[PDB]
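Participant: The structure under discussion is supplied below as C-alpha cells; questions concerning it will follow.
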Amino acid sequence: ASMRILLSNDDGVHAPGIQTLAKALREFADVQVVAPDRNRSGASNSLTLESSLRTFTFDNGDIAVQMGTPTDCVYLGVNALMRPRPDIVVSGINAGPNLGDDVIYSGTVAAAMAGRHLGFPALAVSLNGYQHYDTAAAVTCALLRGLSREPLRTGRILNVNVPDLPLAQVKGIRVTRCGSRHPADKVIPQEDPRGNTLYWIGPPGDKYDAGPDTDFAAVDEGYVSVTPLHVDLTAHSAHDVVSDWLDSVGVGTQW
Amino acid sequence: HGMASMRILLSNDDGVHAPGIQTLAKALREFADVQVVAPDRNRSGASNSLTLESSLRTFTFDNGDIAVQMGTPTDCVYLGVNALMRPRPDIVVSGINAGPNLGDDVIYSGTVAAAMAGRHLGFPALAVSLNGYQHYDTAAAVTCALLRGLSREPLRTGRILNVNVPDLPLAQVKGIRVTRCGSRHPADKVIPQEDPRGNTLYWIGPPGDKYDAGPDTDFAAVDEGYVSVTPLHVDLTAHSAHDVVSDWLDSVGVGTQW
Ligand SMILES: [Mg+2]
Ligand SMILES: [Mg+2]
C-alpha cells in the first residue's frame, strides 16, 4: 500500500535537487537513493562495462556508486541493491532543463529510461533553473499520487520539465513532444601553460523546432512539460525511402 | 572512379587501436579522404555521453590518426566536425564495431552515438557493427558498397543508418534488409566480485533475452544471414502515447483542479 521508489539523478548524491526531492518523497513513500558519487551531467545512457563498481552507503541509507553513471546506479539498484525490486524509478530534480534533442545526452533522463520495465512509468524531473526545487518536488509528488490513482496504460517514461517559478505561478501541465535545435557548432579552445590547445564543448545550437506543441514552448510559457519517451530509435517514416534507395543504387541486390 | 572523392570522419567506440576501425580505414582510403578521430581506449557502453566538466586534449599518431584523450565517441565527432578537420567531413562513419548493436541496445551504443553526432552532415551517417569478431572484411565490403551507393544517388529521408553485418564470409551473406529495432528483456544479472580487502564490487551482467525479434526486426535479419539496415533518429518522443498521457492526467486530476 506504500510506494517503493528508487531515487537517482545525474548531479550526484549530494545535489540539492535529489535531497530536496528525497525529503518530499519520504513523507508518503519509501525511498532508496542510489546515485552517482559526483556530477555526471552529460553521462547520457552510458554504462560501466570494463570495470566493476564500488558502492558507498551513507548513515541515512543513501547509496553512492563510485564513478557510477546514472544508468549504472539504476542497474545496481533494481537488480542487486533493493530487495524486493522498486515500484518505480524517479530521477531528479535536475539542476537545469532537459528539453528537445538534448534529452539523448541527459543522465537524468537515462536513469528514468533504465527503470522503464518496472510496475510504474519512470519519472525524469528537471527544473528550468536552480532556485525553485520545492516547485519541482510538488509537481513530482502530484504526478506520483496520480500514478496510484489510475494506472497510466501507455508510456514507460515521462520526461518532466518544471518552470523555475514559485508553484503559484505555474500555469498547469502540457503534454508535449521533444523540440529540436540546429547543430551545435561552437567549440571553445583554451591553451594550456605549454601552449597546447585544449577544447571545451560549447553552447547548444539555436532552437529550430520550438513551436506551440513542443516541450520548449510549454516551459517558456510557464507550464510543466510532460513528454512520454521511448527507447526505440527507429525512424519508421524513413523505411520505404531507404528500401527504394538501396534497390535504386543496387546495394544488396545484383540487379 | 576517384581515390579521394568523399571526405570521411571515421570514428568508433572500441578506440583508435581497434582492428575494426583500422580494417575499415584501410578499405575507405582506396576511394575516400579519411580522417580518423576516435577514443584513446575502449569506450564500449559510452552511449551518447560527452565531456562537459573538462576540456579535451587530442593526440595525433604518426599516420595522422587522431585520438581524443578520455574522449567519448560523441566528443570525437563533435570536435572532429567543429574544430579539428579541414575541410569539414561530408559524412561520419562509425565502426566497424566488434559486436552487434541491435534492438534497444542502440541507445547505449557508443558506435551509434558517433554516427548520430554526424546526422546533420551532407550524407547520412553510418554506424557499422559486425555480429562477432572474425569477418571485418565482410563489414568493410558492405560499408564500401553503401558509400558508393551514396555517391551514385543521394538518400532523401533518413539521417542515420544503423548497419549490422553477419559475421560470415561475404559469399555467405544473403543480402540486405531494411529493418526496425527490436528489443530485449531487461538485463538482470549483477556479478559480484570481492576485492583483496573483502569488499564486494559489482559487474554489469550480460544483455537480457530477445523479446521483440520478429521478421521485420534487425535481430531477425542478422539471425538469418542478412545485413540489417535501420534508419535512426534522435527524437525520443513516444508520439503514440500522447493522447493516453493527456487523458490520464485529466482523469487523475494532475495539472487540473477538477
Ligand atoms: Mg545534471
Ligand atoms: Mg564497442
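A note on labels: chains of the C-alpha cells are A, B, ... as shown, every chain counts residues from 1, and ligands are counted from 1 in their shown order.
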At a cut-off of 9 Å, using only C-alpha atoms, what residues contact residue 213 (chain B)? Leave out same-chain residues fewer than 3 positions from it and give the result as a ChimeraX atom specification.

Facilitator: /B:103,181-184,210,216-220

Participant: Collect all residues with atoms no farther than 6 Å from ligand 1, counting only C-alpha atoms and all ligand atoms, and output them as a list in words.

Facilitator: residues 10, 11, 41, 94 and 95 of chain A

Participant: Would you save the residues from that selection as a short mmCIF file (atom, residue, chain, number, x, y, z; two decimals), in the first residue's frame, using N, CA, C and O atoms?

Facilitator:
```cif
data_model
loop_
_atom_site.label_atom_id
_atom_site.label_comp_id
_atom_site.auth_asym_id
_atom_site.auth_seq_id
_atom_site.Cartn_x
_atom_site.Cartn_y
_atom_site.Cartn_z
N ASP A 10 21.61 12.68 -12.09
CA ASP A 10 22.97 12.75 -12.62
C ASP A 10 23.85 13.82 -11.96
O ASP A 10 25.05 13.84 -12.18
N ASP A 11 23.26 14.67 -11.12
CA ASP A 11 24.02 15.72 -10.42
C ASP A 11 24.87 15.15 -9.30
O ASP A 11 25.83 15.77 -8.87
N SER A 41 26.47 15.07 -15.24
CA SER A 41 25.77 15.75 -16.34
C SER A 41 26.52 15.39 -17.64
O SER A 41 27.76 15.38 -17.70
N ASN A 94 16.75 17.56 -11.52
CA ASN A 94 17.96 18.09 -12.15
C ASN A 94 18.06 19.61 -12.07
O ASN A 94 17.06 20.33 -12.26
N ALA A 95 19.29 20.08 -11.83
CA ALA A 95 19.61 21.50 -11.90
C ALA A 95 19.76 21.88 -13.37
O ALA A 95 20.81 21.69 -13.97
#
```

Participant: Step one, run DSSP on the backbone; step two, keep only residues of region 21-203 of chain A assigned to alpha helix (DSSP H); then write them as a PyMOL selection string.

Facilitator: chain A and resi 21-26+70-76+107-113+133-149

Participant: Store the residues of this selection in a file with C-alpha atoms, as a short mmCIF file (atom, residue, chain, number, x, y, z; two decimals), in the first residue's frame.

Facilitator:
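Writing the result to again.cif gives the following:
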```cif
data_model
loop_
_atom_site.label_atom_id
_atom_site.label_comp_id
_atom_site.auth_asym_id
_atom_site.auth_seq_id
_atom_site.Cartn_x
_atom_site.Cartn_y
_atom_site.Cartn_z
CA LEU A 21 13.07 15.53 -3.67
CA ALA A 22 14.08 12.71 -1.29
CA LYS A 23 12.75 14.75 1.65
CA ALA A 24 9.41 15.39 -0.11
CA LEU A 25 9.01 11.74 -1.20
CA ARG A 26 9.78 10.28 2.26
CA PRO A 70 23.13 7.29 -13.65
CA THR A 71 22.31 4.09 -15.60
CA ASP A 72 24.88 2.14 -13.52
CA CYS A 73 23.00 3.32 -10.41
CA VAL A 74 19.58 2.20 -11.57
CA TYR A 75 21.01 -1.09 -12.84
CA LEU A 76 22.53 -1.89 -9.45
CA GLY A 107 21.99 11.41 -17.43
CA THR A 108 18.78 12.38 -15.60
CA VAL A 109 16.61 11.07 -18.48
CA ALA A 110 18.80 7.95 -18.71
CA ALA A 111 18.23 6.84 -15.11
CA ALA A 112 14.47 7.10 -15.78
CA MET A 113 14.87 5.13 -19.02
CA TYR A 133 13.34 22.92 -6.17
CA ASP A 134 10.26 22.96 -3.94
CA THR A 135 8.09 23.69 -7.00
CA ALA A 136 9.55 20.73 -8.91
CA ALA A 137 9.15 18.49 -5.83
CA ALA A 138 5.45 19.43 -5.56
CA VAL A 139 4.88 18.60 -9.25
CA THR A 140 6.62 15.20 -8.83
CA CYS A 141 4.59 14.31 -5.73
CA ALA A 142 1.40 15.23 -7.60
CA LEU A 143 2.45 13.00 -10.50
CA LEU A 144 3.22 10.10 -8.18
CA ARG A 145 -0.13 10.39 -6.36
CA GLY A 146 -1.59 10.48 -9.88
CA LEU A 147 0.06 7.16 -10.79
CA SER A 148 -1.51 5.46 -7.77
CA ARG A 149 -4.96 6.93 -8.58
#
```

Participant: Provide the CA of residue 142 (chain B) to CA of residue 127 (chain B) distance in Å, to one decimal place.

Facilitator: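 Value for the CA of residue 142 (chain B)-CA of residue 127 (chain B) distance: 11.7 Å.
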
Participant: With only C-alpha atoms and all ligand atoms counted, collect every polymer residue having an atom within 12 Å of ligand 2; state the result as an NGL selection string.

Facilitator: (:A and (49-50)) or (:B and (11-21 or 38-39 or 41-47 or 72-73 or 94-101 or 105-106 or 108-114 or 127-133))

Participant: Based on only C-alpha atoms, which of the residues in chain B come within 6 Å of chain A? I want them as a count of residues only.

Facilitator: 31

Participant: State, in Å with one decimal place, the distance from CA of residue 32 (chain B) to CA of residue 6 (chain B).

Facilitator: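 Interatomic distance, CA of residue 32 (chain B) to CA of residue 6 (chain B): 4.9 Å.
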
Participant: Go through region 1-171 of chain A and collect every residue that DSSP, computed from the backbone, puts in strand (DSSP E); the answer should be as an MDAnalysis selection string.

Facilitator: chainID A and resid 4:8 30:36 54:57 63:66 88:95 122:128 157:163

Participant: What separation in Å, quoted to one decimal, exists between CA of residue 98 (chain A) and CA of residue 12 (chain A)?

Facilitator: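 Computed distance, CA of residue 98 (chain A) to CA of residue 12 (chain A), equals 16.2 Å.
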